[PDB]
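Given as C-alpha cells, the chain that follows is alone and in the form deposited in one PDB entry.
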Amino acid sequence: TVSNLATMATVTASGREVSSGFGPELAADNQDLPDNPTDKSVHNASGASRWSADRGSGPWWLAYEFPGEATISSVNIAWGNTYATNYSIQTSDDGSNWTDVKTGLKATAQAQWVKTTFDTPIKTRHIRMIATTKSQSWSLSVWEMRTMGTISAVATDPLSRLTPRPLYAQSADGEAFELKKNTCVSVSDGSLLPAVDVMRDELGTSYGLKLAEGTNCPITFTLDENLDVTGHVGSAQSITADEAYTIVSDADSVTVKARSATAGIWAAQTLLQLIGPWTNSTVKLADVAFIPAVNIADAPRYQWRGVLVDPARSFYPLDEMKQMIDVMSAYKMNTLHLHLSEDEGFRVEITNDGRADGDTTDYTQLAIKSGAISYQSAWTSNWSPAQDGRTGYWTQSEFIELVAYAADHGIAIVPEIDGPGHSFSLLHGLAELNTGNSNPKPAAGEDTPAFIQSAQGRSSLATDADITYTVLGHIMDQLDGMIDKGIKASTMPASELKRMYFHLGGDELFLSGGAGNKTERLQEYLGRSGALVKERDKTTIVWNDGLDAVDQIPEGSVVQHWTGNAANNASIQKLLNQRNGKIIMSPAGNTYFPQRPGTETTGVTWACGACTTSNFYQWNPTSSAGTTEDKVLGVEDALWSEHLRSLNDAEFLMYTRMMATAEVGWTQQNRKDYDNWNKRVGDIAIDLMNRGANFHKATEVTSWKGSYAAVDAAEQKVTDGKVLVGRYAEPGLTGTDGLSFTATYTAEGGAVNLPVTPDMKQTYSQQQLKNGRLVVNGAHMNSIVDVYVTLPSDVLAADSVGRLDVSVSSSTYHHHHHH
C-alpha cells in the first residue's frame, strides 16, 4: 500500500519567485489541482498551492528529504502554466550527490500530470526533480510533486563507510563525540602510542588536533590480552582474536579495547574512517571532527592480509614505500611481502659484517652490481613504457627505516629471496655464486655473467654448491638483523611484528629454457634452503609451482598459491593434508594488480581479460584453496613491476582493488556483499584524493561522488583580498566549468556576491599511449578543487565577524555551506 510521501518530506529548491508565497513546500501539500487551473486568477491567486521557482538560467530543481528510507514506485508531477520542457528525476543517499533514475522527461501542456513509474521501486532518503529548459520566460510552476511509496523510519547509519566491513557494528545512544583541540588520549600501555600517532599524523593537519597523551582522558586505549569478541562470532564465522578490538563511544567518551598493539592501530583506523574521508586533508578544515556514538566488536577472518611489492623489476624509493604502507594500514593489511631479488635486480644493501668463519664472499657487490640493473623496455615488443626499470637499492639504514615505518602501521615485513630460478641478480652480483650447475655461465674469464636478454627465465643458482647456501644464509641473517633493528626503533612489540617466515620462492625454474634437471634442482635447493629457514626458527614459504620439492621442504611449510586450481593440486593437498602445511592465496585472477583493471585499460590480459573489483572481491579464499578454514593463513595482492616506473602508475593498479582484497582478508564470508562494498568506494576515493594517492576510476563502481569541506580561512594567507575558504573533491573532473561556485559576504553591519576562483592543479586523465607504449604517469586523478573567494577592501582588514555563504551546484551535486 503506497502513499504520497511528499507530506512528510523536508522540501528544498534551487530557489523561488517571491519570498511571500509560491514556496517549494506547496508542491508537497498533496492538494488536487484547483478548478480552472490555467486561469491567471486561479494560477496567480496569492495563496495558490504551487511552487513558483527562481528565474535566471537554471537548472531549476525541487528536492524532498524523507525521514527514513523511502521505497518509491512512481513520481507524479502536476506542471503549472510554465512547464519543464526537459527534466530528470534523481536520488541521493547523502542529500549532496544526485544519481539519475529517469531522464528525457517532458511536460507538453499547462496543468498536466506527468507520471514517472519505476520498473522496480527505488529505495532512497532523497528524490529531486531537476529541469534544464521550460515553456516560457515565467518562473517554472509545480502544483504537485507526488512521490508514491512506503517509508521505513530507519536513521542514517554513520557505520556505513567502514571498510573492511566489521564483524559487529551498531549505532549507540546519544550525540556524537566532539573532538576539541585539547582532547587528550590515555593509553594503558606505551605499545598503544603508535595507534595514537596514526590518528595524530592525520588529524594534526586536518582538524588541528594535538591528541596529547594524558591521564583520565575522554578517549582511552586499553591493551587487554584476553579481550573476548566471540559473543559476536556466529557458528558460520571465524576470527583471529589476536587482532580483535572493541570501540564503545558516546558524547563524553571513546573507549577502545585492543587484544594487541596491532589491533590498537586497527581501532585507530576505524575511528579515522568514522570521522570521515577528510582526515588526511593537507589544510586545516573549518568543520569540527565527530566520532559517532557506536558499539563495535571487530576481528579479521584471516591472520595473513598482505601485499607483495616488487622493487626488483623497478626500484621504489623509501618515501613511496611509506605511501603504500599508509593505505595498506588504513584498510588493516598486516603484511608487506618484499620480492627483493629477481632476474632484473637486487634492491637491498648486504654488508660483509658477521659472515660465517671461512666466508670471504664480497656481498657489497650484490647491491653495487645488481642494484644498477632493472627491467629492460627493449626486451619487450609491446605496450610497456619506453623507460627501463628504476635502478637503485635501499641502503641498510633506509631498509631499517622501512621496517620501523611498516611496524608503526601494524604491517610486518616478509622478505623473499627467490631461488633457484628468478635468481639472475644473485649470479650477476656475486662472482662467488658462479660455480657448480649455475646457469647461465659467465663468458670466458668474466667473473659474473652478463645482463643480456638470453639470461632472463634461464637462471639457476648452483643447487649442488655449498657457497649458494652459505650466501643465502648470510642474506637471511642480515635481513633478520635489519628487521630486528627496524622493530626495536618502532616501539611495537617484536612478538607481533617479527613475522617468523622466510619466502624462498621456487617459481618458474627455467620457464624460458636452461640446463635441465628442473625437478632435481628444485628438490635439492628448496630442501637445503628449507633447512636454513628451519634452523633460523622460521616457517618456509614457496610458490605452488615449487612443490616438486613438497617432500624436501620442512614439515609445516607454507605454499603461496598463484597458478592453477589449488583445490585439485595434488602437491598442495599433500602439503596441507600430509605435512601439516598452510596456504596463502594469491590466485592471479583475483590478486595480481598488473592484470588490467578494465576493458578500457592497457595492461596484462592472461588471468581474466580484465580482473576488475568483481574478480578481487567475489571469491572465497578457503573454498578456492579446497581445504578447511584452519589451514588457510590468508591472502596477498601482488604488485609485479615489469611495466611500473612510478608510485602514481602502481597506485592506478593497486586502488581501489586493494580495498576489495582487504575486505576478503578481514570480513566474514557471510558478511561479504559486493554491491555494499561498491557503494563504499566513493568515500574511499575522497580519502585517496586527500592522500594524493592515484586510483583507477573503474566503470563498474557506481558510487563515484563529490564532497565539499569548508577550509579554516583564519589559517590562510589573504593575497589581494583572495583566500581559500573551501575544497571540492570529485574523481574524474576534466575541468571545473561543469560546477557553479557562488559566495556572498555579509557582516554584523551592512549582501554582496564575491568573485569565486575554483583552482584545480591537475585534470583527470586515463592511460595515455605514445608510439604504442604506455606514457609513465599518463593516468592521473584530477586534484581536489581549491575554492578561493576575493573579499572586498572594506572587508580585507575587518577582524574575525564575517560569516560567508558558499554554494556549489552541478547536474549531479548540490551543497550550500554556512559557518
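For every residue, the number given is its place in the sequence shown, counted from 1. The term rigid core refers to the most C-alpha atoms you can superpose between the two forms while keeping them within 1.5 Å.
As for the form deposited in another entry, it is not shown, yet the points below apply to it.
Note: rigid core superposed between this form and the one not shown; among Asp712, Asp157, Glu700, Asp201, the CA shift is 2 Å or more only at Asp157. Once both forms are overlaid on the rigid core, the distance between the two CA positions of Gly481 between this form and the one not shown is under 2 angstroms.
Once the rigid core is used as the reference frame, the Cα position of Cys184 differs between this form and the one not shown by less than 2 Å. Residue displacement note: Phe510 has its CA displaced by at least 2 Å between this form and the one not shown (rigid core superposed). In the other entry, the separation between the C-alpha atoms of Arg347 and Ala515 grows by 3 Å or more relative to the displayed form.
Between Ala709 and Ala155, the C-alpha separation shrinks by 3 Å or more in the other entry, relative to the conformation displayed.
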